[PDB]
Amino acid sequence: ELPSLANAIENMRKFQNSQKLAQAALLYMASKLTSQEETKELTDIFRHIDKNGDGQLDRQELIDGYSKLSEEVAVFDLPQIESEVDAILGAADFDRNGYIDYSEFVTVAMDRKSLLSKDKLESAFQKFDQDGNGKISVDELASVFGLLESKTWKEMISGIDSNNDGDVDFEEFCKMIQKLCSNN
């Protein structure tokens, strides 16, 4: 009935679902392929901000602990700290639950040089490619997420499956994470 409205919803779903897939792969790499030595500084920062020690950073902890993320802040700077905190939550809170867990914190804060090492990209790919055939398929994706509808599937791989063959090979997986991590 309204093609521009149907295209608008589909474009947004394609963007949302392709970002969700790239975020899940990056979060796997950051939380499961990293060592304690390589995230020591992040851990000390996270532990200092996590006052109640519950393993998550709430909005109030992020406000009070802002100085550890940066340098001292002024007493009258609360409106801007609050604004800064909302941007941190916007950039790092992947599951939108209003908390930054350890995995989300390492994903956004870790040095890309160590997070994006070739060996981590290879191990991440090999975790998704369950049958080891060199391509990530629908069923392998469904299993990884603990579940897939054809339309939901096509939108996750939108702008990732560059050659459009319904699978994600190592070069397309590598480019997916690059697109997600790029400062351009």
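All residue numbers refer to positions in the sequence shown, first residue = 1.
Asks: How many missing residues of the deposited sequence lie between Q60 and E61 in the entry, grouped as none, 1 to 3, 4 to 9, or 10 or more?
Replies: In the record, the chain runs straight from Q60 to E61 with none unmodelled.
Asks: On mean C-alpha B-factor from the PDB entry, just flag whether 39 to 47 or 150 to 158 is the higher one.
Replies: Higher of the two, by average CA B-factor, is 150 to 158.
Asks: Which is higher in the entry, the mean Cα B factor of 19 to 27 or that of 163 to 171?
Replies: If you average the C-alpha B-factors of 163 to 171 and of 19 to 27, the larger mean comes out for 163 to 171.
Asks: Can you tell me which of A92, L78, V85, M110 has the maximum CA B-factor listed in the PDB entry?
Replies: Most elevated C-alpha B-factor of the set, per the entry: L78.
Asks: What third of the chain, by the recorded C-alpha B-factor, contains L2?
Replies: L2: CA B-factor falls in the highest third of its chain.
Asks: Of the three thirds of its chain by CA temperature factor, lowest, middle or highest, which one includes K68?
Replies: Middle third of the chain for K68's C-alpha B-factor.
Asks: Once the chain's modelled residues are ordered by C-alpha B factor and cut into thirds, is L116 in the lowest, middle or highest one?
Replies: According to the entry, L116 has a C-alpha B-factor in the chain's middle third.
Asks: Against its chain's modelled residues, does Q56's Cα B factor rank lowest, middle or highest third?
Replies: Middle third by C-alpha B-factor.
Asks: Can you tell me whether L33 has a C-alpha B-factor in the lowest, middle or highest third compared with the other modelled residues of the same chain?
Replies: Its C-alpha B-factor belongs to the lowest third of this chain's values.
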